[PDB]
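Colleague: The structure follows.
Bear in mind that the values in this text are calculations on the coordinates, not laboratory data. Cβ sites come from the backbone with ideal geometry, for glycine too, and all protein chains shown count toward neighbours.
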Ligand SMILES: *[C@@H]1O[C@H](CO)[C@@H](O[C@@H]2O[C@H](CO)[C@@H](O[C@@H]3O[C@H](CO)[C@@H](O)[C@H](O)[C@@H]3O)[C@H](O)[C@H]2NC(C)=O)[C@H](O)[C@H]1NC(C)=O
Ligand SMILES: *[C@@H]1O[C@H](CO)[C@@H](O[C@@H]2O[C@H](CO)[C@@H](O[C@@H]3O[C@H](CO)[C@@H](O)[C@H](O)[C@@H]3O)[C@H](O)[C@H]2NC(C)=O)[C@H](O)[C@H]1NC(C)=O
């Protein structure tokens, strides 16, 4: 039996673009060799072009009578690690683009809650400590007037 | 000296075990799973093959009537037709014009080559795993064949190894299996004695050599045409041929975890899942007395370049001070970085270099040379190449160290916000305590 | 590139130089034969046509 030609592979980001040139109907099939595989098989007849996904687990494709060939993707991305805070997020977004967003959102909400609580504590403390002297026509004690910014800057 | 460890069930992974006897020099063993084989347990149910309809010649009774007789043959059919006036090439025999009767007979039989081209229906349960492990250390190489269940101990150079049962219990074969030549199908075949015409298992034979046969193909006979002798009949086509045409998929091209299915016997090879516990028992001669090994003091580790790629893309340097030159047993005490070697030559110069493979942006692991220790931290840049033809040589751990750049930024920001909150709390408590002290 | 338009190129019709990139690879001959096997990606001009 004859062995068909090897296809031309072009590498992408977790993808392989694969150029197929048959002379007679050959069987092309591939599977992703992870926990849940991506199965497919076909009877390629004319000159076609296929794009097949290659996750970090890898995959194998079987073209004609040739032996199966395995390809593994590699942990590559586009961000810049160890840079400014807006580049580490890009780096960890190129990899795993579903948990980075969730973690960033969670941390941002925690920061906002903490800062709002702190600002609230300052406001409440000022209200408590500036109302006792604000029920009588008394002196604001310029020593205290300078330290805390109350409503009357200089008028009593 | 009893020792135990757990090694991944990944073919070709360079697992290295560190054995520390407090009275002797450390030892490093290299174990590697060259090959596996997951063999299930089968019980043959029946055998299917194409059928062959046997039609004996008709019996035409000239001037009389014939009576049908029943027989014990698979899917037997018999009928008698009245009023036939057959013909032959030279003239029409059975002189009686209309007082004739034809008897038609047909039955089904197993094909001629059913013992060469047949499909088997099995039941698979309680698979048993097997392996072929290569163990090297000291000056001993050699590969052995083991059963992976805690009931087979093999001796390699005076050391006893027991490979414990697999961590998981996952088998790609379902309860019912159909095997044809070199292909395994996860199929739900009908039970013996209840096949259906036109589909898989229309005729079922308990064994390839078994005499009994159960056939159900809706064979039917029809009245012959006038002036002919032919025994007409109608029959639903073979179920085996249509199963061949529309079986669909397989298990060879569908199995998870990237493992080959094979036949004779059925087994799923090199099928990466789970962990393999190991038990050892080493003699006193494998270790070296601490007096013989060199002494290592002042161990400092620095990282020249780091790159979290599949190959061994990191380089490490160790500085020390030694009294005499010899050998040491290097090891990395965290699975973040997987070293390449298990021995290194120490010399009076005070410099040695090692190669490691990692998959995290910022690793942090402790490396030991002979009896010394050192902590290494590094910053690693991603690789530029998109796809490679070899599997990963790291354990695939990606969470960075708590002293890395990202986690340092998180720590600094959280510390600033915590300082702000603590200041607010202290101010409010001071105000309330001033209110109370009055 | 092999297999597509212009896998072989020449400056002009009568030009002596030629650039060809067709992925021509030789294979080991079978035992007991004299046949110099090879494999090659088909013509790019025909598939362009
Ligand atoms: C030679 O040919 C003659 C026909 O010309 C055959 O005679 C036929 O014989 C059969 C039975 O031997 C007859 O069938 C039955 O006969 C009984 C007799 O009472 C009748 O009651 C039934 O209704 C039925 O017809 C048939 O009638 C008879 N035909 C005739 C007499 O014309 C003869 O059998 C042939 N020779 C041999 C050796 O068979
Ligand atoms: C322990 O034993 C195994 C098997 O004897 C050793 O592996 C063997 O290493 C040699 C040296 O590299 C290999 O020979 C060469 O292999 C290349 C591979 O392409 C080939 O092109 C050369 O012509 C030459 O044959 C040999 O193939 C290899 N065997 C296997 C089964 O992989 C291993 O190195 C030994 N360990 C130590 C520490 O010596």
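Colleague: Tally time: how many residues in region B:79-110 are loosely packed, with under 14 Cβ neighbours inside 10 Å and either within 11 Å of residue B:59 (Cβ to Cβ) or within 16 Å of ligand 2 (Cβ to nearest atom) (or both)?
Modeller: Residues meeting the conditions: 0.
Residues are listed down the side, and each one gets a yes or a no for (1) within 9 Å of chain B (Cβ to nearest Cβ); (2) closer than 23 Å to residue B:431 by Cβ:
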| residue | (1), (2) |
| --- | --- |
| A:75 | yes, no |
| A:88 | yes, no |
| A:93 | no, no |
| A:96 | yes, no |
| A:102 | no, no |
| A:115 | yes, yes |
| A:118 | yes, yes |
| A:124 | yes, yes |
| A:133 | no, yes |
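Colleague: Okay, next question. Can you pull out the residues in region A:23-50 that are surrounded by 13 or more Cβ atoms within 10 Å (Cβ to Cβ), touching a helix residue (DSSP H, G or I) at 6+ places or on another chain (Cβ under 7 Å) and within 14 Å of chain B (Cβ to nearest Cβ)?
Modeller: Answer for region A:23-50, where residues must be surrounded by 13 or more Cβ atoms within 10 Å (Cβ to Cβ), touching a helix residue (DSSP H, G or I) at 6+ places or on another chain (Cβ under 7 Å) and within 14 Å of chain B (Cβ to nearest Cβ): A:33, A:37.
Colleague: Run residue B:409 past the list (1) within 8 Å of chain A (Cβ to nearest Cβ); (2) surrounded by 12 or more Cβ atoms within 10 Å (Cβ to Cβ); (3) under 30 Å from residue A:54 (Cα atoms) and report the number of the one that doesn't hold.
Modeller: With (1) within 8 Å of chain A (Cβ to nearest Cβ); (2) surrounded by 12 or more Cβ atoms within 10 Å (Cβ to Cβ); (3) under 30 Å from residue A:54 (Cα atoms) applied to residue B:409, the lone miss is (3).
Colleague: For the list (1) within 16 Å of ligand 2 (Cβ to nearest atom); (2) within 14 Å of chain A (Cβ to nearest Cβ), I need the number of the one condition that residue B:138 fails.
Modeller: (2)
Colleague: Turning to a different aspect of this structure: Among the residues of region B:50-63 satisfying the criterion of being more than 16 Å from ligand 1 (Cβ to nearest atom) and not in a loop (DSSP other than H, G, I, E, B), which is farthest from the other protein chains (Cβ to nearest Cβ)?
Modeller: Per the criteria, the residue is B:54.
Colleague: Residue by residue through region B:257-276, note down the ones that are buried (at least 17 other Cβ atoms within 10 Å of the Cβ) and not in a loop (DSSP other than H, G, I, E, B).
Modeller: Here is the first cut: in region B:257-276, the ones buried (at least 17 other Cβ atoms within 10 Å of the Cβ) are B:257-259, B:261, B:266-268, B:270-274, B:276.
The answer is B:257, B:258, B:261, B:267, B:268, B:276.
Colleague: Collect the residues in region B:329-354 that are closer than 26 Å to residue B:406 by Cβ and surrounded by fewer than 17 Cβ atoms within 10 Å (Cβ to Cβ), keeping them in residue-number order.
Modeller: Selection gives B:333, B:334, B:335.
Colleague: Among the residues of region B:341-352, are any in a strand (DSSP E or B), over 37 Å from the mean Cα position of the chain (by Cα) and within 14 Å of another protein chain (Cβ to nearest Cβ)?
Modeller: Taking every residue of region B:341-352 in turn, none turns out to be in a strand (DSSP E or B), over 37 Å from the mean Cα position of the chain (by Cα) and within 14 Å of another protein chain (Cβ to nearest Cβ).
Colleague: Considering only region B:86-106, how many residues are closer than 27 Å to residue B:70 by Cβ, in contact (Cβ under 8 Å) with a residue 40 or more places away in the chain and outside any strand (DSSP E or B)?
Modeller: Total meeting the criteria: 1.
Colleague: Here's another thing I want to ask about it. Hey, among the residues in region B:10-19 that are within 14 Å of another protein chain (Cβ to nearest Cβ) and within 19 Å of residue B:141 (Cα to Cα), which one's nearest to ligand 2 (Cβ to nearest atom)?
Modeller: Filtering first and then ranking leaves B:12.
Colleague: With the checklist (1) in contact (Cβ under 8 Å) with a residue 40 or more places away in the chain; (2) in contact with a strand residue (DSSP E or B) (Cβ under 9 Å, 6 or more places away or on another chain) in hand, flag the one item residue B:253 doesn't pass.
Modeller: (1)
Colleague: Restricting attention to region B:141-168, and to residues there that are within 16 Å of ligand 2 (Cβ to nearest atom) and farther than 17 Å from residue B:14 by Cα, which single residue is surrounded by the fewest Cβ atoms within 10 Å (Cβ to Cβ)?
Modeller: Here the answer is B:145.
Colleague: Right, another one. What's the total number of residues in region B:364-388 that are touching a strand residue (DSSP E or B) at 6+ places or on another chain (Cβ under 6 Å), at the interface with chain A (Cβ under 8 Å from one of its Cβ atoms) and free of Cβ contacts under 8 Å to residues at least 40 places away in the same chain?
Modeller: 2
Colleague: Could you tell me which residue of region A:51-68 is farthest from the chain's Cα centre (by Cα), considering only residues that are within 8 Å of chain B (Cβ to nearest Cβ) and more than 23 Å from residue B:358 (Cα to Cα)?
Modeller: Here the residue is A:62.
Colleague: How about region C:20-49: which of its residues are exposed (fewer than 10 other Cβ atoms within 10 Å of the Cβ) and within 10 Å of chain A (Cβ to nearest Cβ)?
Modeller: The one that is exposed (fewer than 10 other Cβ atoms within 10 Å of the Cβ) and within 10 Å of chain A (Cβ to nearest Cβ): C:46.
Colleague: Right, here's the next one. Could you count how many residues in region C:7-42 are more than 17 Å from residue A:49 (Cβ to Cβ) and assigned to a loop (DSSP other than H, G, I, E, B)?
Modeller: If we filter region C:7-42 for residues that are more than 17 Å from residue A:49 (Cβ to Cβ), which is where we start, we get C:8-22, C:24-40.
Retained after the next criterion (residues that are assigned to a loop (DSSP other than H, G, I, E, B)): C:10-18, C:21-22, C:24, C:27-37, C:40.
Count: 24.
Colleague: With respect to the numbered conditions (1) surrounded by fewer than 17 Cβ atoms within 10 Å (Cβ to Cβ); (2) more than 10 Å from chain B (Cβ to nearest Cβ), which one is the sole condition not fulfilled by residue A:20?
Modeller: Unmet condition: (1).
Colleague: What residue, among those in region B:230-247 that are over 31 Å from the mean Cα position of the chain (by Cα) and assigned to a loop (DSSP other than H, G, I, E, B), is surrounded by the most Cβ atoms within 10 Å (Cβ to Cβ)?
Modeller: B:238
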